[PDB]
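FYI, side chains are in, hydrogens and waters are out, and symmetry mates aren't considered; it's all heavy atoms of this structure. Counting starts at 1 for both ligands and their atoms, following the listed order. The first residue in the sequence is number 1, and the count goes up from there.
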Amino acid sequence: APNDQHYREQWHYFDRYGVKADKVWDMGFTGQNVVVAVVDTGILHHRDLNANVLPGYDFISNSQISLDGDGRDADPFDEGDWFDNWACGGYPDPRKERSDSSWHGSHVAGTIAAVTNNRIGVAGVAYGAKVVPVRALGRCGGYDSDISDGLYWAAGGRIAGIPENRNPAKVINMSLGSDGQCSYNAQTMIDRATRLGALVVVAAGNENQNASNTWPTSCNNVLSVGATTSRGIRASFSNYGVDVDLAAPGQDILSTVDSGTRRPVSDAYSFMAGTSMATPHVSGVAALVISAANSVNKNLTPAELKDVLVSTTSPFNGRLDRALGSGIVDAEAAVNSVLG
Ligand SMILES: [Ca+2]
Ligand SMILES: [Ca+2]
Ligand SMILES: [Ca+2]
(Lines give C-alpha, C1' and ligand atoms only; values in the text may rest on other atoms or scores of the structure.)
(Ligands and ions follow the chains in the order given, each with its own letter.)
Protein backbone atom coordinates (compact mmCIF):
# COMPACT_ATOMS: atom_id res chain seq x y z
CA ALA A 1 0.00 0.00 0.00
CA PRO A 2 2.63 2.67 0.89
CA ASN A 3 3.70 4.83 -2.07
CA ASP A 4 7.34 5.18 -0.96
CA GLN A 5 10.05 4.69 -3.62
CA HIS A 6 12.00 1.94 -1.81
CA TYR A 7 9.21 0.24 0.17
CA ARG A 8 9.60 -2.78 -2.18
CA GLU A 9 13.05 -3.45 -0.70
CA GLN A 10 11.77 -3.61 2.90
CA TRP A 11 11.00 -7.41 2.69
CA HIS A 12 11.00 -7.33 6.49
CA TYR A 13 7.66 -5.48 6.53
CA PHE A 14 5.78 -7.83 4.19
CA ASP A 15 7.62 -10.98 3.02
CA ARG A 16 7.36 -14.60 4.29
CA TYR A 17 9.50 -14.04 7.42
CA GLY A 18 8.58 -10.34 7.76
CA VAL A 19 6.46 -8.72 10.49
CA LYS A 20 3.25 -8.55 8.39
CA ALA A 21 2.96 -4.78 8.92
CA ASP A 22 1.21 -4.58 5.51
CA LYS A 23 -1.73 -6.74 6.77
CA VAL A 24 -2.28 -4.33 9.68
CA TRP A 25 -2.11 -1.12 7.58
CA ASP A 26 -4.83 -2.87 5.45
CA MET A 27 -6.97 -2.67 8.64
CA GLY A 28 -6.35 1.08 9.05
CA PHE A 29 -3.97 0.74 12.00
CA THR A 30 -0.62 2.55 11.78
CA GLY A 31 0.15 3.37 15.41
CA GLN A 32 -1.77 6.70 15.31
CA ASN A 33 -1.43 8.78 18.51
CA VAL A 34 1.26 6.37 19.84
CA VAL A 35 4.63 7.80 20.91
CA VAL A 36 7.78 5.63 20.84
CA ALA A 37 11.00 6.84 22.50
CA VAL A 38 14.30 5.87 20.92
CA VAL A 39 17.16 5.80 23.42
CA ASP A 40 20.04 5.86 20.96
CA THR A 41 22.62 8.06 19.13
CA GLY A 42 20.15 10.91 18.48
CA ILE A 43 18.24 12.01 15.39
CA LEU A 44 19.16 13.30 11.91
CA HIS A 45 17.31 16.22 10.28
CA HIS A 46 16.20 13.85 7.52
CA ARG A 47 13.48 14.66 4.98
CA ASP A 48 12.11 11.12 5.56
CA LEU A 49 12.02 11.50 9.41
CA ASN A 50 11.31 15.19 10.23
CA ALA A 51 7.47 15.00 10.08
CA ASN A 52 7.38 12.07 12.55
CA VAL A 53 9.96 13.36 15.08
CA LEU A 54 8.83 15.14 18.28
CA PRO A 55 10.92 17.18 20.75
CA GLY A 56 13.42 14.93 22.51
CA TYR A 57 16.41 15.50 24.75
CA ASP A 58 20.15 14.95 24.83
CA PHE A 59 21.21 12.99 27.89
CA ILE A 60 24.91 12.66 27.05
CA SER A 61 26.85 14.21 29.96
CA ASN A 62 30.47 13.91 28.70
CA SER A 63 31.12 16.51 25.95
CA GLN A 64 33.88 14.31 24.53
CA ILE A 65 31.13 11.72 23.79
CA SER A 66 28.37 14.12 22.67
CA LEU A 67 30.60 16.16 20.31
CA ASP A 68 28.21 19.11 20.65
CA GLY A 69 30.30 21.21 23.13
CA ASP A 70 28.32 20.62 26.36
CA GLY A 71 26.61 18.00 28.58
CA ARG A 72 22.84 17.62 28.81
CA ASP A 73 20.95 19.91 26.45
CA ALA A 74 17.56 20.13 24.72
CA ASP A 75 18.78 19.21 21.24
CA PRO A 76 19.01 15.44 20.52
CA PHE A 77 20.73 15.96 17.15
CA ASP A 78 23.03 13.13 16.13
CA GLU A 79 26.34 14.94 15.68
CA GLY A 80 27.92 11.72 14.40
CA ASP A 81 29.72 9.21 16.57
CA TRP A 82 32.68 8.75 14.15
CA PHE A 83 36.19 8.40 15.59
CA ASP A 84 39.68 7.65 14.45
CA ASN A 85 43.16 7.13 15.95
CA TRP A 86 41.82 4.45 18.35
CA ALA A 87 39.80 7.04 20.28
CA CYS A 88 37.58 4.30 21.80
CA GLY A 89 40.42 2.84 22.08
CA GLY A 90 41.84 -0.74 21.98
CA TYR A 91 45.16 0.19 20.30
CA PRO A 92 46.75 -1.43 18.35
CA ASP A 93 43.87 -3.64 17.06
CA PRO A 94 43.34 -2.42 13.46
CA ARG A 95 39.63 -3.25 13.70
CA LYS A 96 39.26 -0.75 16.56
CA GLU A 97 41.25 2.03 14.88
CA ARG A 98 38.39 4.00 13.38
CA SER A 99 34.73 4.00 12.46
CA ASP A 100 32.53 6.22 10.35
CA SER A 101 29.46 7.78 11.95
CA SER A 102 26.76 5.13 12.42
CA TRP A 103 23.57 7.25 12.25
CA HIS A 104 22.32 4.27 14.32
CA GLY A 105 19.55 6.21 16.13
CA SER A 106 18.03 7.35 12.82
CA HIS A 107 18.18 3.94 11.18
CA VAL A 108 16.32 2.58 14.22
CA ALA A 109 13.88 5.53 14.26
CA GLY A 110 13.03 5.04 10.54
CA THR A 111 12.11 1.44 11.15
CA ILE A 112 9.61 2.56 13.77
CA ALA A 113 8.17 5.62 12.00
CA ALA A 114 9.94 6.77 8.84
CA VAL A 115 7.63 9.22 7.09
CA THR A 116 5.38 7.06 4.88
CA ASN A 117 3.28 7.85 1.81
CA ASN A 118 5.41 10.93 1.05
CA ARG A 119 6.88 9.20 -2.08
CA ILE A 120 10.55 9.62 -1.11
CA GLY A 121 12.65 6.93 0.53
CA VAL A 122 11.16 4.26 2.81
CA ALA A 123 8.26 3.37 5.15
CA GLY A 124 8.05 2.75 8.90
CA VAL A 125 6.39 -0.10 10.83
CA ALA A 126 4.16 2.36 12.76
CA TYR A 127 4.14 5.30 10.40
CA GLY A 128 1.14 6.94 12.14
CA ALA A 129 3.20 7.01 15.35
CA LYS A 130 5.78 9.57 16.46
CA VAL A 131 9.31 9.32 17.76
CA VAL A 132 10.91 11.09 20.69
CA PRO A 133 14.68 10.90 20.26
CA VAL A 134 16.41 10.37 23.57
CA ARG A 135 20.09 10.92 22.78
CA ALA A 136 22.24 8.83 25.14
CA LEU A 137 24.94 7.52 22.76
CA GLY A 138 27.76 9.40 21.02
CA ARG A 139 31.44 8.76 20.30
CA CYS A 140 32.38 5.41 21.96
CA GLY A 141 28.81 4.69 23.08
CA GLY A 142 27.29 6.08 26.29
CA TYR A 143 27.12 5.97 30.10
CA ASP A 144 24.71 3.60 31.85
CA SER A 145 23.44 6.50 33.99
CA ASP A 146 22.74 8.64 30.89
CA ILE A 147 20.88 5.69 29.38
CA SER A 148 18.85 5.07 32.59
CA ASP A 149 17.96 8.77 33.17
CA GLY A 150 17.01 8.96 29.47
CA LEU A 151 14.70 5.95 29.58
CA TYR A 152 12.98 7.23 32.78
CA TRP A 153 12.46 10.67 31.27
CA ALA A 154 11.17 8.93 28.06
CA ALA A 155 8.34 7.40 30.14
CA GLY A 156 7.41 10.72 31.74
CA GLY A 157 9.72 10.63 34.79
CA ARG A 158 10.86 14.03 36.02
CA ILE A 159 14.60 14.66 36.39
CA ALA A 160 16.06 17.71 38.19
CA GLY A 161 17.32 20.25 35.64
CA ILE A 162 15.40 18.74 32.68
CA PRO A 163 12.11 20.28 31.50
CA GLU A 164 9.20 17.85 31.90
CA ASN A 165 8.63 15.56 28.91
CA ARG A 166 5.56 16.90 27.02
CA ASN A 167 5.60 13.68 24.99
CA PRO A 168 5.86 10.63 27.27
CA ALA A 169 6.22 7.34 25.42
CA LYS A 170 4.15 4.23 25.61
CA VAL A 171 7.03 2.22 24.07
CA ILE A 172 10.74 2.77 24.74
CA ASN A 173 13.13 1.30 22.20
CA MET A 174 16.61 0.46 23.43
CA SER A 175 18.77 -0.76 20.56
CA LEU A 176 21.80 -0.90 22.81
CA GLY A 177 23.57 -2.77 25.59
CA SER A 178 26.82 -4.36 26.73
CA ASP A 179 28.38 -7.17 28.77
CA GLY A 180 27.46 -7.56 32.48
CA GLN A 181 24.45 -7.98 34.79
CA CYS A 182 21.72 -5.33 34.86
CA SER A 183 22.81 -2.62 37.32
CA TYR A 184 20.74 -1.70 40.39
CA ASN A 185 20.24 1.76 38.97
CA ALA A 186 19.20 0.62 35.47
CA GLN A 187 16.73 -1.94 36.88
CA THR A 188 15.25 0.74 39.11
CA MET A 189 14.72 3.15 36.20
CA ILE A 190 13.25 0.40 34.00
CA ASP A 191 10.82 -0.50 36.85
CA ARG A 192 9.81 3.14 37.30
CA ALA A 193 9.30 3.50 33.50
CA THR A 194 7.22 0.30 33.51
CA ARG A 195 5.13 1.57 36.46
CA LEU A 196 4.53 4.78 34.46
CA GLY A 197 3.01 2.44 31.78
CA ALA A 198 5.91 2.18 29.28
CA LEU A 199 6.96 -1.08 27.60
CA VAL A 200 10.74 -1.23 27.43
CA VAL A 201 11.86 -3.05 24.30
CA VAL A 202 15.54 -4.00 24.08
CA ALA A 203 18.13 -5.66 21.87
CA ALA A 204 19.54 -9.09 22.77
CA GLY A 205 22.96 -8.00 21.50
CA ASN A 206 25.32 -9.15 18.75
CA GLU A 207 28.18 -11.23 20.12
CA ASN A 208 26.85 -14.71 19.30
CA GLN A 209 26.68 -15.27 23.07
CA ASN A 210 24.05 -16.08 25.67
CA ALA A 211 22.04 -12.88 25.98
CA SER A 212 21.64 -13.59 29.75
CA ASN A 213 25.31 -12.46 30.08
CA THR A 214 24.29 -8.95 28.93
CA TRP A 215 22.18 -5.93 29.91
CA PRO A 216 19.37 -4.83 29.32
CA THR A 217 18.28 -8.41 28.50
CA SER A 218 19.15 -9.70 31.99
CA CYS A 219 16.93 -6.98 33.48
CA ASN A 220 13.42 -7.77 34.64
CA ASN A 221 10.54 -5.99 32.86
CA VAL A 222 12.07 -5.70 29.41
CA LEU A 223 11.11 -7.40 26.16
CA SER A 224 14.36 -8.77 24.60
CA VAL A 225 14.54 -9.19 20.81
CA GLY A 226 16.78 -11.53 18.81
CA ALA A 227 17.59 -11.16 15.11
CA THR A 228 16.39 -13.37 12.28
CA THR A 229 17.27 -13.36 8.57
CA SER A 230 15.15 -13.33 5.41
CA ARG A 231 15.34 -17.19 5.69
CA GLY A 232 13.68 -17.30 9.15
CA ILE A 233 16.77 -18.57 10.99
CA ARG A 234 18.88 -16.94 13.73
CA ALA A 235 21.17 -14.24 12.24
CA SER A 236 24.72 -15.40 12.88
CA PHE A 237 25.71 -12.63 15.33
CA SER A 238 22.47 -12.57 17.40
CA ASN A 239 22.70 -13.24 21.11
CA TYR A 240 20.45 -16.07 22.27
CA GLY A 241 18.94 -18.19 25.07
CA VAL A 242 16.11 -18.31 27.66
CA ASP A 243 15.97 -14.51 28.24
CA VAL A 244 15.31 -13.67 24.56
CA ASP A 245 11.57 -13.14 24.40
CA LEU A 246 11.07 -13.19 20.65
CA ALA A 247 12.76 -12.30 17.36
CA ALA A 248 12.37 -9.95 14.41
CA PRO A 249 14.14 -9.26 11.07
CA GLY A 250 17.68 -8.08 11.83
CA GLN A 251 19.60 -8.63 8.60
CA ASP A 252 19.28 -6.53 5.37
CA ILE A 253 17.09 -3.97 7.09
CA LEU A 254 16.65 -0.85 4.93
CA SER A 255 16.13 2.45 6.77
CA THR A 256 17.10 6.14 6.96
CA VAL A 257 20.71 7.32 7.57
CA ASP A 258 23.05 10.09 6.33
CA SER A 259 25.84 9.75 3.70
CA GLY A 260 28.25 11.74 5.96
CA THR A 261 31.23 9.80 7.31
CA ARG A 262 31.83 12.36 10.09
CA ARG A 263 29.07 15.00 10.43
CA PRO A 264 25.74 15.00 8.55
CA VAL A 265 26.01 15.88 4.85
CA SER A 266 22.91 14.65 3.00
CA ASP A 267 19.96 12.31 3.61
CA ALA A 268 20.50 8.68 2.62
CA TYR A 269 19.25 5.08 3.08
CA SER A 270 21.18 1.93 3.96
CA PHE A 271 20.91 -1.71 4.82
CA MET A 272 22.08 -2.62 8.32
CA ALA A 273 22.18 -5.84 10.37
CA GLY A 274 21.93 -6.33 14.16
CA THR A 275 19.51 -7.05 17.00
CA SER A 276 19.42 -3.21 16.90
CA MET A 277 17.44 -3.43 13.65
CA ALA A 278 15.19 -6.17 14.94
CA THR A 279 14.28 -4.27 18.11
CA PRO A 280 12.45 -1.32 16.42
CA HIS A 281 10.41 -3.80 14.42
CA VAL A 282 9.03 -5.00 17.75
CA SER A 283 8.72 -1.39 19.01
CA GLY A 284 6.90 -0.53 15.76
CA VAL A 285 4.50 -3.51 16.12
CA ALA A 286 3.92 -2.65 19.81
CA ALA A 287 2.71 0.75 18.54
CA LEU A 288 0.43 -0.83 15.88
CA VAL A 289 -1.01 -3.09 18.65
CA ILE A 290 -1.69 -0.06 20.92
CA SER A 291 -3.47 1.85 18.13
CA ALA A 292 -5.67 -1.22 17.59
CA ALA A 293 -6.25 -1.53 21.35
CA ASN A 294 -7.22 2.19 21.49
CA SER A 295 -9.86 1.71 18.77
CA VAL A 296 -11.78 -0.73 21.01
CA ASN A 297 -11.31 1.32 24.26
CA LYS A 298 -8.74 -1.15 25.65
CA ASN A 299 -5.80 -0.03 27.77
CA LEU A 300 -2.84 -2.44 27.93
CA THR A 301 -0.20 -2.57 30.67
CA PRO A 302 3.43 -3.08 29.65
CA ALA A 303 3.11 -6.67 30.95
CA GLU A 304 -0.05 -7.28 28.88
CA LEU A 305 1.43 -5.68 25.74
CA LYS A 306 4.54 -7.88 26.10
CA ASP A 307 2.36 -10.99 26.51
CA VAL A 308 0.35 -10.15 23.32
CA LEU A 309 3.61 -9.68 21.37
CA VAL A 310 5.26 -12.87 22.69
CA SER A 311 2.17 -15.09 22.41
CA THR A 312 1.19 -14.09 18.83
CA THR A 313 4.52 -14.69 17.03
CA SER A 314 4.83 -16.44 13.66
CA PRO A 315 6.94 -19.60 13.39
CA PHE A 316 10.69 -19.76 12.67
CA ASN A 317 12.13 -21.71 9.69
CA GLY A 318 12.27 -25.09 11.39
CA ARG A 319 13.98 -25.14 14.73
CA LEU A 320 16.96 -22.86 15.17
CA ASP A 321 20.47 -23.61 16.45
CA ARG A 322 19.79 -21.54 19.60
CA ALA A 323 16.65 -20.42 21.47
CA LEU A 324 15.33 -17.09 20.13
CA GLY A 325 11.99 -16.61 21.95
CA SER A 326 8.59 -17.88 20.80
CA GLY A 327 8.75 -16.87 17.14
CA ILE A 328 9.04 -13.84 14.87
CA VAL A 329 6.93 -10.80 15.83
CA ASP A 330 3.70 -10.81 13.85
CA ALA A 331 1.70 -7.58 13.66
CA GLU A 332 -1.36 -9.23 12.07
CA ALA A 333 -1.81 -11.96 14.71
CA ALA A 334 -0.90 -9.45 17.47
CA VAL A 335 -3.50 -6.89 16.25
CA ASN A 336 -6.19 -9.52 15.48
CA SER A 337 -5.70 -10.75 19.03
CA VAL A 338 -6.57 -7.38 20.65
CA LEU A 339 -9.57 -6.70 18.35
CA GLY A 340 -11.21 -10.07 19.17
CA1 LIG B 1 25.37 18.32 24.91
CA1 LIG C 1 22.79 18.04 21.81
CA1 LIG D 1 9.05 7.90 2.91
Student: Considering non-hydrogen atoms only, spot the tightest contact between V242 and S212 and give its length.
Tutor: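 Reported closest heavy-atom pair: CG2-OG, 4.1 Å.
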Student: Roughly, to 10 degrees, what angle do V122 atom O and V115 atom O form around the Ca ion (ligand 3)?
Tutor: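 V122 O and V115 O form an angle of 80° at the Ca ion (ligand 3).
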Student: Would you please indicate if the ring centroids of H46 and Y269 are separated by under 6.0 Å?
Tutor: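 Yes: the rings meet the under 6.0 Å criterion.
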Student: So that I can check it, does any N, O or S atom in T116 come closer than 3.0 Å to the Ca ion (ligand 3)?
Tutor: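 No, since none of the N, O or S atoms of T116 sits under 3.0 Å from the Ca ion (ligand 3).
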Student: Below 3.0 Å, can you find an N, O or S atom of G121 next to the Ca ion (ligand 3)?
Tutor: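 Within the cut-off used here (under 3.0 Å), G121 places no N, O or S atom near the Ca ion (ligand 3).
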Student: When you measure from the Ca ion (ligand 2) to each N, O or S atom of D75, which atom gives the shortest distance?
Tutor: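 That would be atom O.
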Student: So does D58 have any N/O/S atom less than 3.0 Å away from the Ca ion (ligand 1)?
Tutor: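 Of the N, O and S atoms in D58, none lies under 3.0 Å from the Ca ion (ligand 1), which means no.
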Student: Hey, which N, O or S atom on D4 ends up closest to the Ca ion (ligand 3)?
Tutor: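 The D4 atom nearest to the Ca ion (ligand 3), restricting to N, O or S, is OD2.
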Student: Is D26 atom CG crowded by more than 12 heavy atoms from other residues, nucleotides or ligands, each under 6.0 Å away?
Tutor: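 Buried by this count: over 12 neighbours within 6.0 Å.
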Student: Does any donor atom in the side chain of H281 or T111 lie under 3.5 Å from an acceptor atom in the other side chain?
Tutor: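 Absent: no donor and acceptor within the cut-off.
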Student: Examine distances only and state if a side-chain atom of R262 and a backbone atom of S101 form a donor-acceptor pair shorter than 3.5 Å.
Tutor: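 Flag not set: sc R262 to bb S101 has no pair under 3.5 Å.
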Student: Taking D330 first and then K20, would you say they form a salt bridge - that is, a charged N and a carboxylate O separated by under 4.0 Å?
Tutor: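 Salt bridge between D330 and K20, a charged N being under 4.0 Å from a carboxylate O: yes.
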Student: Is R72 salt-bridged to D149, cutoff N-O under 4.0 Å?
Tutor: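 So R72 pairs with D149 through a salt bridge.
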Student: Can you name the N, O or S atom of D68 that is closest to the Ca ion (ligand 2)?
Tutor: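 Closest N, O or S atom of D68 to the Ca ion (ligand 2): OD2.
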Student: Counting backbone and side chain alike, does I120 bring an N/O/S atom below 3.0 Å of the Ca ion (ligand 3)?
Tutor: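 Yes, since at least one N, O or S atom of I120 sits under 3.0 Å from the Ca ion (ligand 3).
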Student: Is the closest side-chain donor-acceptor distance between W215 and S183 under 3.5 Å?
Tutor: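 Their side chains do not contain a donor-acceptor pair, so the 3.5 Å distance test is not met.
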Student: Please determine if the Ca ion (ligand 3) has an N/O/S atom from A123 lying under 3.0 Å away.
Tutor: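 Coordinating: no.
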Student: With the Ca ion (ligand 1) at the apex, how many degrees lie between O of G71 and OD1 of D73, rounded to 10 degrees?
Tutor: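 Between O of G71 and OD1 of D73, the angle at the Ca ion (ligand 1) is about 90°.
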Student: Check whether any N, O or S atom of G69, backbone or side chain, sits closer than 3.0 Å to the Ca ion (ligand 1).
Tutor: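 False for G69.
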Student: Decide, counting backbone as well as side-chain atoms, whether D70 has an N, O or S atom less than 3.0 Å from the Ca ion (ligand 1).
Tutor: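 Coordinating: yes.
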